[PDB]
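Novice: One file: protein22.cif (mmCIF, C-alpha atoms and all ligand atoms).
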```cif
data_final
#
loop_
_atom_site.group_PDB
_atom_site.id
_atom_site.type_symbol
_atom_site.label_atom_id
_atom_site.label_comp_id
_atom_site.auth_asym_id
_atom_site.auth_seq_id
_atom_site.Cartn_x
_atom_site.Cartn_y
_atom_site.Cartn_z
ATOM 1 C CA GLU H 1 -127.859 102.420 56.247
ATOM 2 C CA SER H 2 -125.994 103.369 53.029
ATOM 3 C CA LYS H 3 -126.851 105.004 49.656
ATOM 4 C CA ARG H 4 -124.706 102.549 47.695
ATOM 5 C CA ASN H 5 -127.232 99.797 48.625
ATOM 6 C CA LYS H 6 -130.170 101.117 46.566
ATOM 7 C CA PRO H 7 -130.779 99.560 43.102
ATOM 8 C CA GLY H 8 -129.935 101.496 39.928
ATOM 9 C CA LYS H 9 -129.068 101.278 36.227
ATOM 10 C CA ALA H 10 -125.494 101.636 35.011
ATOM 11 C CA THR H 11 -124.859 104.601 32.715
ATOM 12 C CA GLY H 12 -121.869 106.399 31.101
ATOM 13 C CA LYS H 13 -119.259 106.009 28.340
ATOM 14 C CA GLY H 14 -115.960 105.124 30.096
ATOM 15 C CA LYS H 15 -112.620 105.717 28.259
ATOM 16 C CA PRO H 16 -110.194 103.938 25.919
ATOM 17 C CA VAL H 17 -107.506 102.083 27.933
ATOM 18 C CA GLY H 18 -104.348 100.131 27.043
ATOM 19 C CA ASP H 19 -102.022 97.426 28.417
ATOM 20 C CA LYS H 20 -101.075 99.842 31.278
ATOM 21 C CA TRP H 21 -104.659 100.174 32.537
ATOM 22 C CA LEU H 22 -104.155 98.859 36.072
ATOM 23 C CA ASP H 23 -100.783 100.666 36.475
ATOM 24 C CA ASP H 24 -102.886 103.915 36.296
ATOM 25 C CA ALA H 25 -104.900 102.794 39.375
ATOM 26 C CA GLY H 26 -102.101 103.816 41.713
ATOM 27 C CA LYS H 27 -101.842 107.375 40.328
ATOM 28 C CA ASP H 28 -103.872 110.606 40.291
ATOM 29 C CA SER H 29 -107.625 109.966 40.390
ATOM 30 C CA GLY H 30 -107.222 106.281 39.487
ATOM 31 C CA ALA H 31 -107.865 104.483 36.153
ATOM 32 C CA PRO H 32 -111.184 105.043 34.282
ATOM 33 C CA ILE H 33 -113.795 102.291 33.628
ATOM 34 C CA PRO H 34 -112.789 100.955 30.123
ATOM 35 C CA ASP H 35 -115.165 101.964 27.286
ATOM 36 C CA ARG H 36 -115.378 98.193 26.510
ATOM 37 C CA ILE H 37 -116.696 97.296 29.993
ATOM 38 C CA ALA H 38 -119.143 100.225 29.981
ATOM 39 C CA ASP H 39 -120.581 98.881 26.696
ATOM 40 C CA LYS H 40 -121.247 95.537 28.329
ATOM 41 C CA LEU H 41 -122.852 96.976 31.511
ATOM 42 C CA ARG H 42 -124.785 100.008 30.259
ATOM 43 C CA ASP H 43 -128.571 99.929 30.949
ATOM 44 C CA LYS H 44 -128.311 96.839 33.208
ATOM 45 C CA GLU H 45 -130.028 97.033 36.596
ATOM 46 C CA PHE H 46 -127.983 96.403 39.725
ATOM 47 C CA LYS H 47 -129.301 95.624 43.211
ATOM 48 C CA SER H 48 -126.393 97.350 45.024
ATOM 49 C CA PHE H 49 -123.043 98.876 44.260
ATOM 50 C CA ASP H 50 -121.394 95.644 45.422
ATOM 51 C CA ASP H 51 -123.343 93.773 42.708
ATOM 52 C CA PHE H 52 -122.066 96.282 40.106
ATOM 53 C CA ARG H 53 -118.475 95.707 41.378
ATOM 54 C CA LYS H 54 -118.838 91.888 40.897
ATOM 55 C CA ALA H 55 -120.087 92.564 37.359
ATOM 56 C CA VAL H 56 -117.066 94.725 36.445
ATOM 57 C CA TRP H 57 -114.563 92.002 37.502
ATOM 58 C CA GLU H 58 -116.559 89.258 35.694
ATOM 59 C CA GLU H 59 -116.465 91.318 32.461
ATOM 60 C CA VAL H 60 -112.714 91.896 32.940
ATOM 61 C CA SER H 61 -112.252 88.091 33.300
ATOM 62 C CA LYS H 62 -113.904 87.654 29.852
ATOM 63 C CA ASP H 63 -112.062 90.512 28.129
ATOM 64 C CA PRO H 64 -108.971 89.526 26.183
ATOM 65 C CA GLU H 65 -107.271 92.936 26.170
ATOM 66 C CA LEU H 66 -107.999 93.505 29.898
ATOM 67 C CA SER H 67 -107.404 89.985 31.316
ATOM 68 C CA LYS H 68 -104.239 89.262 29.279
ATOM 69 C CA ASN H 69 -102.429 91.586 31.732
ATOM 70 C CA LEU H 70 -103.404 89.529 34.913
ATOM 71 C CA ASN H 71 -101.595 86.220 35.910
ATOM 72 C CA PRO H 72 -103.367 82.797 36.163
ATOM 73 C CA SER H 73 -104.038 83.262 39.920
ATOM 74 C CA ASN H 74 -105.554 86.731 39.469
ATOM 75 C CA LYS H 75 -107.611 85.395 36.537
ATOM 76 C CA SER H 76 -109.152 82.766 38.873
ATOM 77 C CA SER H 77 -110.078 85.563 41.252
ATOM 78 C CA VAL H 78 -111.811 87.857 38.693
ATOM 79 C CA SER H 79 -113.690 84.848 37.195
ATOM 80 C CA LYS H 80 -115.489 84.609 40.551
ATOM 81 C CA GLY H 81 -116.307 88.352 40.488
ATOM 82 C CA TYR H 82 -113.588 88.917 43.126
ATOM 83 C CA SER H 83 -111.418 92.055 42.854
ATOM 84 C CA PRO H 84 -107.812 91.207 41.660
ATOM 85 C CA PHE H 85 -104.866 91.547 44.069
ATOM 86 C CA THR H 86 -102.571 94.562 43.590
ATOM 87 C CA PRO H 87 -98.732 94.478 43.870
ATOM 88 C CA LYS H 88 -97.663 94.251 47.535
ATOM 89 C CA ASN H 89 -96.369 97.839 47.621
ATOM 90 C CA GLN H 90 -99.826 99.221 46.786
ATOM 91 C CA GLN H 91 -101.568 97.273 49.584
ATOM 92 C CA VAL H 92 -102.361 98.715 53.026
ATOM 93 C CA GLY H 93 -102.844 95.984 55.658
ATOM 94 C CA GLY H 94 -105.951 93.881 55.053
ATOM 95 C CA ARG H 95 -106.780 96.000 51.960
ATOM 96 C CA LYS H 96 -104.939 94.048 49.265
ATOM 97 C CA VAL H 97 -107.163 94.299 46.123
ATOM 98 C CA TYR H 98 -108.196 96.990 43.569
ATOM 99 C CA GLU H 99 -110.956 99.268 44.914
ATOM 100 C CA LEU H 100 -113.732 101.155 43.024
ATOM 101 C CA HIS H 101 -113.757 104.890 43.819
ATOM 102 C CA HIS H 102 -116.372 107.578 43.121
ATOM 103 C CA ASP H 103 -114.702 110.652 41.663
ATOM 104 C CA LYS H 104 -117.427 113.017 42.876
ATOM 105 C CA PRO H 105 -118.300 111.377 46.255
ATOM 106 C CA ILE H 106 -121.805 109.902 46.736
ATOM 107 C CA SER H 107 -121.999 111.650 50.126
ATOM 108 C CA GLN H 108 -121.601 114.862 48.038
ATOM 109 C CA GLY H 109 -124.272 113.989 45.480
ATOM 110 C CA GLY H 110 -122.125 111.960 43.048
ATOM 111 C CA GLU H 111 -123.888 109.273 41.021
ATOM 112 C CA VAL H 112 -123.562 105.703 42.277
ATOM 113 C CA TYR H 113 -123.775 103.803 38.977
ATOM 114 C CA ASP H 114 -122.523 106.424 36.503
ATOM 115 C CA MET H 115 -119.380 104.769 35.067
ATOM 116 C CA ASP H 116 -117.965 108.208 34.125
ATOM 117 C CA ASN H 117 -117.897 108.893 37.876
ATOM 118 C CA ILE H 118 -116.112 105.620 38.763
ATOM 119 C CA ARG H 119 -112.353 104.976 38.961
ATOM 120 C CA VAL H 120 -110.220 101.901 39.703
ATOM 121 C CA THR H 121 -107.729 102.577 42.563
ATOM 122 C CA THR H 122 -105.105 100.701 44.597
ATOM 123 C CA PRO H 123 -105.655 100.688 48.414
ATOM 124 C CA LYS H 124 -102.626 103.012 48.885
ATOM 125 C CA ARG H 125 -103.932 105.579 46.370
ATOM 126 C CA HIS H 126 -107.600 105.378 47.498
ATOM 127 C CA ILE H 127 -106.816 106.052 51.181
ATOM 128 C CA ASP H 128 -104.727 109.034 50.239
ATOM 129 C CA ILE H 129 -107.531 110.499 48.115
ATOM 130 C CA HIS H 130 -109.961 110.475 51.050
ATOM 131 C CA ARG H 131 -107.388 111.935 53.464
ATOM 132 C CA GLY H 132 -107.120 114.906 51.100
ATOM 133 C CA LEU J 1 -100.948 72.690 61.872
ATOM 134 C CA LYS J 2 -101.093 76.378 61.002
ATOM 135 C CA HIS J 3 -98.690 78.301 63.246
ATOM 136 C CA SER J 4 -95.467 78.070 61.199
ATOM 137 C CA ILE J 5 -94.284 76.589 57.880
ATOM 138 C CA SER J 6 -92.544 73.733 59.767
ATOM 139 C CA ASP J 7 -96.092 72.565 60.781
ATOM 140 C CA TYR J 8 -96.736 71.808 57.092
ATOM 141 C CA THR J 9 -95.432 68.859 55.112
ATOM 142 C CA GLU J 10 -94.551 69.966 51.554
ATOM 143 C CA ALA J 11 -97.726 68.194 50.295
ATOM 144 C CA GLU J 12 -100.021 70.086 52.663
ATOM 145 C CA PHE J 13 -98.325 73.367 51.741
ATOM 146 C CA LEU J 14 -99.008 72.582 48.028
ATOM 147 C CA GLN J 15 -102.693 72.082 48.896
ATOM 148 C CA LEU J 16 -102.885 75.564 50.484
ATOM 149 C CA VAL J 17 -101.168 77.206 47.517
ATOM 150 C CA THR J 18 -103.414 75.338 45.058
ATOM 151 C CA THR J 19 -106.523 76.557 46.944
ATOM 152 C CA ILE J 20 -105.253 80.197 46.678
ATOM 153 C CA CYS J 21 -104.206 80.009 43.013
ATOM 154 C CA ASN J 22 -107.643 78.609 42.023
ATOM 155 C CA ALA J 23 -109.601 81.108 44.210
ATOM 156 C CA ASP J 24 -111.285 77.982 45.698
ATOM 157 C CA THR J 25 -113.010 79.806 48.545
ATOM 158 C CA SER J 26 -116.496 80.787 49.781
ATOM 159 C CA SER J 27 -115.923 84.554 49.672
ATOM 160 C CA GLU J 28 -113.355 87.185 48.648
ATOM 161 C CA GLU J 29 -112.685 87.810 52.381
ATOM 162 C CA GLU J 30 -111.807 84.144 52.937
ATOM 163 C CA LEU J 31 -109.319 84.248 50.012
ATOM 164 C CA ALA J 32 -107.644 87.430 51.381
ATOM 165 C CA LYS J 33 -107.255 85.740 54.809
ATOM 166 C CA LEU J 34 -105.607 82.718 53.145
ATOM 167 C CA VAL J 35 -103.129 84.907 51.172
ATOM 168 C CA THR J 36 -102.176 86.756 54.442
ATOM 169 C CA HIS J 37 -101.624 83.340 56.084
ATOM 170 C CA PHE J 38 -99.378 82.247 53.196
ATOM 171 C CA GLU J 39 -97.241 85.454 53.610
ATOM 172 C CA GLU J 40 -96.863 84.834 57.369
ATOM 173 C CA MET J 41 -95.751 81.216 56.755
ATOM 174 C CA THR J 42 -93.189 81.922 54.011
ATOM 175 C CA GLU J 43 -91.770 85.125 55.574
ATOM 176 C CA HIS J 44 -90.646 85.982 51.969
ATOM 177 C CA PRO J 45 -90.043 89.718 51.453
ATOM 178 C CA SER J 46 -92.152 89.677 48.224
ATOM 179 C CA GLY J 47 -95.323 88.716 50.089
ATOM 180 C CA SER J 48 -98.307 88.062 47.873
ATOM 181 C CA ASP J 49 -96.241 88.965 44.772
ATOM 182 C CA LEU J 50 -95.068 85.306 44.750
ATOM 183 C CA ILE J 51 -98.659 84.318 43.813
ATOM 184 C CA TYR J 52 -99.797 87.278 41.617
ATOM 185 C CA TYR J 53 -96.700 89.181 40.276
ATOM 186 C CA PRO J 54 -93.905 86.649 39.600
ATOM 187 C CA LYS J 55 -90.406 87.788 38.640
ATOM 188 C CA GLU J 56 -89.412 87.150 34.967
ATOM 189 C CA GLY J 57 -88.887 83.430 34.338
ATOM 190 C CA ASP J 58 -90.451 82.397 37.688
ATOM 191 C CA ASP J 59 -92.960 79.509 37.508
ATOM 192 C CA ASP J 60 -96.286 80.759 39.068
ATOM 193 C CA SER J 61 -98.016 77.326 38.983
ATOM 194 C CA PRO J 62 -98.735 75.970 42.533
ATOM 195 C CA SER J 63 -95.785 73.541 42.278
ATOM 196 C CA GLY J 64 -93.615 76.428 40.968
ATOM 197 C CA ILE J 65 -94.545 78.646 43.938
ATOM 198 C CA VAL J 66 -93.876 75.861 46.432
ATOM 199 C CA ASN J 67 -90.412 75.291 44.858
ATOM 200 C CA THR J 68 -89.562 79.011 45.031
ATOM 201 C CA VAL J 69 -90.521 79.137 48.744
ATOM 202 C CA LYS J 70 -88.649 75.881 49.537
ATOM 203 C CA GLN J 71 -85.473 77.149 47.842
ATOM 204 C CA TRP J 72 -85.697 80.624 49.356
ATOM 205 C CA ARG J 73 -86.098 79.331 52.906
ATOM 206 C CA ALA J 74 -83.180 76.866 52.361
ATOM 207 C CA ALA J 75 -80.917 79.584 50.963
ATOM 208 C CA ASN J 76 -81.772 82.129 53.678
ATOM 209 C CA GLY J 77 -81.150 80.181 56.910
ATOM 210 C CA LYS J 78 -84.717 79.236 57.776
ATOM 211 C CA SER J 79 -86.449 76.067 58.841
ATOM 212 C CA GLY J 80 -88.332 74.086 56.202
ATOM 213 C CA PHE J 81 -91.233 71.687 55.817
ATOM 214 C CA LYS J 82 -92.144 68.909 58.251
ATOM 215 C CA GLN J 83 -90.205 65.688 57.290
HETATM 216 ZN ZN ZN H 201 -113.388 106.785 47.009
#
```
What does the file become when written as structure tokens?
Ligand SMILES: [Zn+2]
Specialist:
Amino acid sequence: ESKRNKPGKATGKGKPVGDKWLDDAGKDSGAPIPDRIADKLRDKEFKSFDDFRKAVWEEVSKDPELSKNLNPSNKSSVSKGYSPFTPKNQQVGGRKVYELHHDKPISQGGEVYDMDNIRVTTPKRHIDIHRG
Amino acid sequence: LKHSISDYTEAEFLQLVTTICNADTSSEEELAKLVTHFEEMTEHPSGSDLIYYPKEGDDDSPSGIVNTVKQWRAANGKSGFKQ
């Protein structure tokens, strides 16, 4: 049914981020996967892309520099492996949480679990990217 | 029970907000549905920001959020909680 449902191992370096990490998600190509998260997930095997996504948010929940910039309610969400809610103005209808985006699309041969090919986006930004 | 905020006593409304704040749900989808419901009940222009992106000095504990909604509704000409 879909290529993102085949198991794979996470790879890639990610990038240094700061306190403004999630503000970057609503601009340009989105925010990168933090180097710190990539270090935690590298070489692990994932059953599906959705399983990888859960893993990212769980590592954010445990990361002091990354979680400090989420409120108590959003913290509860990422502790469950749920994606955190964005500000209202970056939501589009039922799409209300940060979304993981492939920079080179999988449909175009991009790698599913290469963290250097993954970006964090708001719903508003992500939709616009795929509309050209 | 669930059609407008006037169908909630203050205590029941606190229980809803507590469930959202603690992500006390079976799936991400169920949580998102609950947050949408909250926004429809309050009719507050800030929407889910009341839960996740409080204004400076605003108390984002469940009791704090309930207070902010109760005061906003009262100040802006709208009906309040049952009883
Ligand atoms: Zn995408």
Novice: Write out as an NGL selection string each polymer residue (protein, DNA or RNA) that has an atom no more than 6 Å from ligand ZN 201 (chain H), with all atoms listed in the file counted.
Specialist: :H and (101-102 or 126)
Novice: Quick one: contact table of chain J to chain H, 8 Å max, nearest atom pair and distance in Å to one decimal per residue, counting only C-alpha atoms, chain and number order, as a Markdown table?
Specialist:
```
| residue | atom | partner | partner_atom | distance |
| --- | --- | --- | --- | --- |
| J:20 | CA | H:73 | CA | 7.5 |
| J:21 | CA | H:73 | CA | 4.5 |
| J:22 | CA | H:76 | CA | 5.4 |
| J:23 | CA | H:77 | CA | 5.4 |
| J:28 | CA | H:82 | CA | 5.8 |
| J:32 | CA | H:96 | CA | 7.5 |
| J:46 | CA | H:88 | CA | 7.2 |
| J:47 | CA | H:88 | CA | 6.5 |
| J:48 | CA | H:88 | CA | 6.2 |
| J:49 | CA | H:87 | CA | 6.1 |
| J:51 | CA | H:73 | CA | 6.7 |
| J:52 | CA | H:71 | CA | 6.1 |
| J:53 | CA | H:87 | CA | 6.7 |
| J:60 | CA | H:72 | CA | 7.9 |
```
Novice: For this structure, which residues satisfy the selection - the PyMOL selection byres (((chain J and resi 70) around 12) and not hetatm) - when it is evaluated on the file as given? I want them as a compact mmCIF listing (two decimals) with C-alpha atoms, in the frame of the given file.
Specialist:
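Wrote it out as part37.txt, contents follow:
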```txt
# COMPACT_ATOMS: atom_id res chain seq x y z
CA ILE J 5 -94.28 76.59 57.88
CA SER J 6 -92.54 73.73 59.77
CA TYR J 8 -96.74 71.81 57.09
CA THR J 9 -95.43 68.86 55.11
CA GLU J 10 -94.55 69.97 51.55
CA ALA J 11 -97.73 68.19 50.30
CA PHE J 13 -98.32 73.37 51.74
CA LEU J 14 -99.01 72.58 48.03
CA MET J 41 -95.75 81.22 56.76
CA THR J 42 -93.19 81.92 54.01
CA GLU J 43 -91.77 85.12 55.57
CA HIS J 44 -90.65 85.98 51.97
CA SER J 63 -95.78 73.54 42.28
CA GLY J 64 -93.62 76.43 40.97
CA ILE J 65 -94.54 78.65 43.94
CA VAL J 66 -93.88 75.86 46.43
CA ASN J 67 -90.41 75.29 44.86
CA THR J 68 -89.56 79.01 45.03
CA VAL J 69 -90.52 79.14 48.74
CA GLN J 71 -85.47 77.15 47.84
CA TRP J 72 -85.70 80.62 49.36
CA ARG J 73 -86.10 79.33 52.91
CA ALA J 74 -83.18 76.87 52.36
CA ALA J 75 -80.92 79.58 50.96
CA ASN J 76 -81.77 82.13 53.68
CA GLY J 77 -81.15 80.18 56.91
CA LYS J 78 -84.72 79.24 57.78
CA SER J 79 -86.45 76.07 58.84
CA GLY J 80 -88.33 74.09 56.20
CA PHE J 81 -91.23 71.69 55.82
CA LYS J 82 -92.14 68.91 58.25
```
Novice: Which residues are close to segment 112-120 of chain H, i.e. within 10 Å by all atoms listed in the file, leaving aside same-chain residues fewer than 5 positions away? Reply as a CSV table (one decimal) with C-alpha atoms, in the coordinates of the input.
Specialist:
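See part-v4.csv below for the written result:
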```csv
chain,number,residue,atom,x,y,z
H,3,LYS,CA,-126.9,105.0,49.7
H,4,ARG,CA,-124.7,102.5,47.7
H,5,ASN,CA,-127.2,99.8,48.6
H,6,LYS,CA,-130.2,101.1,46.6
H,7,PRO,CA,-130.8,99.6,43.1
H,8,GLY,CA,-129.9,101.5,39.9
H,9,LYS,CA,-129.1,101.3,36.2
H,10,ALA,CA,-125.5,101.6,35.0
H,11,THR,CA,-124.9,104.6,32.7
H,12,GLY,CA,-121.9,106.4,31.1
H,13,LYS,CA,-119.3,106.0,28.3
H,14,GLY,CA,-116.0,105.1,30.1
H,15,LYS,CA,-112.6,105.7,28.3
H,21,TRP,CA,-104.7,100.2,32.5
H,22,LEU,CA,-104.2,98.9,36.1
H,24,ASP,CA,-102.9,103.9,36.3
H,25,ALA,CA,-104.9,102.8,39.4
H,26,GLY,CA,-102.1,103.8,41.7
H,29,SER,CA,-107.6,110.0,40.4
H,30,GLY,CA,-107.2,106.3,39.5
H,31,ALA,CA,-107.9,104.5,36.2
H,32,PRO,CA,-111.2,105.0,34.3
H,33,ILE,CA,-113.8,102.3,33.6
H,34,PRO,CA,-112.8,101.0,30.1
H,35,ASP,CA,-115.2,102.0,27.3
H,37,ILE,CA,-116.7,97.3,30.0
H,38,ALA,CA,-119.1,100.2,30.0
H,41,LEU,CA,-122.9,97.0,31.5
H,42,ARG,CA,-124.8,100.0,30.3
H,45,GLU,CA,-130.0,97.0,36.6
H,46,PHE,CA,-128.0,96.4,39.7
H,48,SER,CA,-126.4,97.4,45.0
H,49,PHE,CA,-123.0,98.9,44.3
H,52,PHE,CA,-122.1,96.3,40.1
H,53,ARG,CA,-118.5,95.7,41.4
H,98,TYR,CA,-108.2,97.0,43.6
H,99,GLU,CA,-111.0,99.3,44.9
H,100,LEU,CA,-113.7,101.2,43.0
H,101,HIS,CA,-113.8,104.9,43.8
H,102,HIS,CA,-116.4,107.6,43.1
H,103,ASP,CA,-114.7,110.7,41.7
H,104,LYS,CA,-117.4,113.0,42.9
H,105,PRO,CA,-118.3,111.4,46.3
H,106,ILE,CA,-121.8,109.9,46.7
H,107,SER,CA,-122.0,111.6,50.1
H,125,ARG,CA,-103.9,105.6,46.4
H,126,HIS,CA,-107.6,105.4,47.5
```
Novice: Given 8 Å of margin on each side, can you work out the centre and size in Å (one decimal) of an axis-aligned box holding every listed atom of segment 111-121 of chain H, as JSON?
Specialist:
```
{"center_x": -115.8, "center_y": 105.6, "center_z": 38.3, "size_x": 32.2, "size_y": 23.4, "size_z": 24.4}
```
Novice: Can you measure atom CA of residue 2 of chain J to atom CA of residue 83 of chain J for me? One decimal in Å is fine.
Specialist: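 Those two atoms sit 15.7 Å apart.
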Novice: Rounded to one decimal, what separation in Å do you get between atom CA of residue 23 of chain H and atom CA of residue 54 of chain J?
Specialist: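 The value is 15.9 Å.
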Novice: Just give me the gap between atom CA of residue 129 of chain H and atom CA of residue 34 of chain J in Å, one decimal is fine.
Specialist: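 The value is 28.3 Å.
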